[PDB]
Ligand SMILES: [Ca+2]
Ligand SMILES: [Ca+2]
Ligand SMILES: [Mg+2]
């Protein structure tokens, strides 16, 4: 829901990355809808993965990225989390802020 994605695109996507170390951010962002959502929604998501409301997705909310879409879903492996944060975290503080998230989805 949060980001107004549909179940189908969400069930699709997860199937597509259910192997360990087959997760890829922009590919799942294309997939599940999010890379063509408005920037309002690209925020609504952000704040959902920010499970603890800190303003930031820390490395440990990032590895539970999937589960925000489906509870039973798998954790990301440590490499999968290391590339994302690698791609997201331009100021090197170890966690992703909104403006960084938005930035990595595009739009
Ligand atoms: Ca957080
Ligand atoms: Ca950062
Ligand atoms: Mg926390």
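Between residue 54 and residue 70, how many nm apart are label points set 7 Å from Cα along the C-beta direction?
It works out to 2.8 nm between the two label points.
Using square roots of five times the C-alpha gyration tensor eigenvalues, list the equivalent-ellipsoid semi-axes of the chain in whole Å, biggest first. Please report the intermediate quantities before stating the final value.
Details: eigenvalues 69, 55, 32 Å².
Those come to 19, 17, 13 Å.
Given the DSSP H assignment, sum -39500 (n - 2.57) over each helix run of at least 4 residues in the chain and divide by its residue total; what's the result at 222 nm in deg cm²/dmol, nearest 500? Could the numbers behind the result be given before it?
Values: 6 runs with 49 residues, N = 107.
Calculated mean residue ellipticity at 222 nm is -12500 deg cm²/dmol.
How many nm is it between the label spots at residue 9 and residue 30, if each spot is 7 Å from the Cα in line with the beta carbon?
Spacing of the two 7 Å Cα→Cβ label points: 1.4 nm.
Every number in this text was worked out from the coordinates using simple rules, so none of it is lab data. Ideal geometry is used to build each Cβ from the backbone, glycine not excepted, and the neighbour counts take in all protein chains shown.
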